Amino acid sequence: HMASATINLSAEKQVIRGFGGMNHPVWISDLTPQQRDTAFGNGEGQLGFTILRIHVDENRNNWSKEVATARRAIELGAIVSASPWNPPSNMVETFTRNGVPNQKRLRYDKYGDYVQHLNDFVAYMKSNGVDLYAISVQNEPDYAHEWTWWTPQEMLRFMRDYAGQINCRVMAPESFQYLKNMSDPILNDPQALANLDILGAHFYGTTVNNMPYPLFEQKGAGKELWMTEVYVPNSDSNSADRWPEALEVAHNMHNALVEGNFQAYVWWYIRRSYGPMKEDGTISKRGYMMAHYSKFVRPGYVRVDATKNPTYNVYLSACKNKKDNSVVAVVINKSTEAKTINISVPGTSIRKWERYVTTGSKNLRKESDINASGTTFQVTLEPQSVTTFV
């Protein structure tokens, strides 16, 4: 009746870049001033997001719409990355893909013009007080029924021969499902790899067995790894408070961090009826799942090795603050039974953890402190809960 886990503070893994979501004031309503604070502030009742994703509009007359939310996110400590869905229409042409006509791609003779479009966006945002952390070549080049397709080889040509001219960190390829065929050619080409800064991926339908990426472990030194878009487990209307469904969000984040070694996890729309912030501006159950990571695992913390699945239905991750070697552990219990775990943290001088617990009936509730016996922290997880220990 007593499971065990070990957190090894000397086995450092990836440095955390942060957590957040998407704003898109052209497709939906912009975040309001108060919602910006709820998203990117880290007070009580705020999500503590540290990454904002925006879109690069094909029409430069829409670019000003991004500025207010991006400025406020940066002021509150976030970084901003931008992704394009289509080039300007004068750079696009059509082709027939798997027998479906009228599909879009970037004209091969416009790759330089496209570099200039992306640089123009970067310069416009810079002039408006938004120094982009990164810009992407293409959102979901491999699921572009409704936008612009790129084959692995088109992406490679761009990364190899053009991306070095972009005045920003370059993100690629943002496959819809982290399909490795989209990114392998970049990693295997020294020049394309040199021009890459961030390997970006989405997680739609990505299973745990597909989260590791051996080639990236081998070839990705100096490159960041970001999961730049998902919603899970669905986008059902008015689903954001569904319980225990919302536990799937925490589990997907656990998996990104521990199974994928991801440094960033970015939702789709921040404010939506299936998102982390509801249309009334309050945090949803799905949002509290994100918050268990985002409020506590701050940028610059480093994930460390920790028993990831100490007993059935229990999932554990741990990240260290290198300033003082303190630890943040996020523990999910999907069981209908409470679980007691002896968590060994050998070599720590820390002797007390505070904890915050979300269940179907409470949100980030501060509960009784855990007092260690030596280097062991005995914790009890309520059924169907997430706990962050700090």
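Each residue number is its position in the shown sequence, starting from 1.
Original post:
Mean C-alpha B-factor higher for 193-201, or for 316-324?
Top reply: Between 316-324 and 193-201, it is 316-324 that shows the higher mean C-alpha B-factor.
Subject >> Between the two ranges 126-134 and 248-256, the one averaging a larger CA B factor in the entry >> reply: Per the deposited B-factors, the answer is 126-134.
Subject >> Options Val56, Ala70, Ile341, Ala39 - largest CA temperature factor per the record >> reply: In the PDB entry, the greatest C-alpha B-factor among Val56, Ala70, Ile341, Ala39 is found at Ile341.
**OP:** Could you tell me which one of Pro84, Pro276, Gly99, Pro173 shows the highest CA temperature factor in the PDB record?
**Re:** Within the set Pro84, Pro276, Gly99, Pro173, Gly99 shows the top C-alpha B-factor.
Original post:
Thinking about Cα B factors across the chain, which third does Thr388 belong to?
Top reply: It belongs to the lowest third of the chain when residues are ordered by C-alpha B-factor.
Original post:
C-alpha B factor of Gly222, ranked within the chain: lowest, middle or highest third?
Top reply: For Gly222, the deposited C-alpha B-factor lands in the highest third.
**OP:** Compare the C-alpha B factor of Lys334 with those of the other modelled residues in its chain, then answer lowest, middle or highest third.
**Re:** CA B-factor rank for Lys334: lowest third.
Original post:
What third of the chain, by the recorded C-alpha B-factor, contains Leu47?
Top reply: Lowest third - that is where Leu47 ends up once the chain's C-alpha B-factors are sorted.
**OP:** Place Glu140 in the lowest, middle or highest third of its chain's C-alpha B-factors, as listed in the PDB entry.
**Re:** According to the entry, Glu140 has a C-alpha B-factor in the chain's lowest third.
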